[PDB]
Structures are given as C-alpha cells and as structure tokens.
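Participant: Take a look at this one; I'll ask things after.
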Amino acid sequence: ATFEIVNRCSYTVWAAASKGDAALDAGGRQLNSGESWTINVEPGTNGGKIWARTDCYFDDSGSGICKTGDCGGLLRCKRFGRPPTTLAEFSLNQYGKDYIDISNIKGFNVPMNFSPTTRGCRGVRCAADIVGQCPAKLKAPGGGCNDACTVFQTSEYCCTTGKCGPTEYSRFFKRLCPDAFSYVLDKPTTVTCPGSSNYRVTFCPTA
C-alpha cells in the first residue's frame, strides 16, 4: 500500500512511520511546509503508525532530538515515538479488510487528517486546537498536550487492569475530537476499508 504524507502546517515537521519493532519504508523524513512524501507499506502490516515530530535537530548521521515524538534520537524511526503524539494507526489486509483510526491515547501534538485515496470508506480527522485548549496539568513544555496516562501513571488512566472508565482528561480529547480514541477502552472509531486501499495523511488539514 501507498501512503502520501503531506505537511500543510506552516512549520516544518519530521514525519515518522513504524510498526513498533521496525521502520516502515525509510522510517522518517523532513517535510517543509507543503512537501509531500510517499511511502510503500508492505501488505499485511499489523499496527503501523504514522506521526509527526516537531522542533527536531539532526546531524549528518541522522542522530538528534525532537521536542515531540522523538524515536530514540533517530531521523529514521524504528521504534514508536515519545508522547505527545497524535497517531495515525492502521492494520492492513486483515482477512481482506483494512482498519484505520486516529488516536489521542498517547496525546496530541499536530492536527491530522487520515483519509483513503481509493474508494469505499470515509476518512477521519482531528483538527481542533487541542494544544491551545490543553488543561494546565496536561501541557507538555516541549509543545503539545499529553494524555493523562503519560502524566500520572495510574491504572485508571492507563487501563492496565483491562477495566477503566472515561476520565475528566479523556473527556477533553473526546469533546474536541470525537473521531479519535480518547482512552484505550473508548468506543471504537476505527474505520473499515477495502483491503489494499491507499491513503493520505495530512498534517494541519484546515489551517
């Protein structure tokens, strides 16, 4: 499958794409305002994620730091990124279907649209100003809005026992972005697409 990742934000982002233990495609790339980067994702990929990183500095060998979404200091991510990260999540070719979603379970940093470029399913979007509105205790100094589990490390926020309810903090993400997971037992906003669809991830879709 083919993903076009386009950066509509007015700032530079460093896109990243990984399935947890390995990079998808090159795994990472600088995108200036307006730049598009297209990648090949192998069919059958389970739990691939795409996200943006902000205020990065890398050297010639591709080692550095990002204020949000850092993946162990590397330009080409092979593990997942440090929160806060708005997440495009996808599993492809699962019994002939593709499943996609946007997640705030690991916080928010960049508004995002996740849509197919082929026929037969809707896209999802989380484009509200969650950093501007972030509750005082969830603001990450590096920019962005942390999830409650990252901040507080309680069983209720992290849902570690498998049973948890919505929280004051998760209800905030759900109210600004209904189409995204706000906590791990949230009512699924997963969208089912024909298997082997193709997609576009757009950062800052509105402004």
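Swiss-Prot numbering applies to chain A: residues 23-229, in that order.
Method of determination (from the header): X-ray crystallography, 2.7 Å.
From the backbone N, Cα and C atoms, a Cβ is placed for every residue, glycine too.
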Participant: Would you mind checking which of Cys167, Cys180 shares a disulfide with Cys171 in Swiss-Prot?
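Facilitator: So the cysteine that Swiss-Prot bonds to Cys171 would be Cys180.
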Participant: Looking at Swiss-Prot, which of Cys99, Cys143, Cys148, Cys156 bridges to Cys215 via a disulfide?
Facilitator: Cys143
Participant: For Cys148, which disulfide partner does Swiss-Prot record out of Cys88, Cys93, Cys99, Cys199?
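Facilitator: Partner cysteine, according to Swiss-Prot: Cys199.
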Participant: Give me the count of other Cβ atoms within 10 A of the Cβ belonging to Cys99 (disulfide bond).
Facilitator: 28
Participant: In whole Å, how far does the CA atom of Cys156 (disulfide bond) lie from that of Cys31 (disulfide bond)?
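Facilitator: Answer for this pair: 19 Å between alpha carbons.
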Participant: Give the helix, strand or coil assignment DSSP yields for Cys180 (disulfide bond).
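Facilitator: DSSP call for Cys180 (disulfide bond): helix.
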Participant: Within 10 Å of the Cβ of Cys181 (disulfide bond), how many other Cβ atoms can you find? Include all protein chains, please.
Facilitator: 17
Participant: I need the CA-to-CA distance for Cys171 (disulfide bond) versus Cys186 (disulfide bond), whole Å please.
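Facilitator: Distance between the two Cα atoms comes out at 12 Å.
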Participant: Nearest to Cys31 (disulfide bond) by Cα, among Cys88, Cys148, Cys181, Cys199 (disulfide-bonded residues)?
Facilitator: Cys148
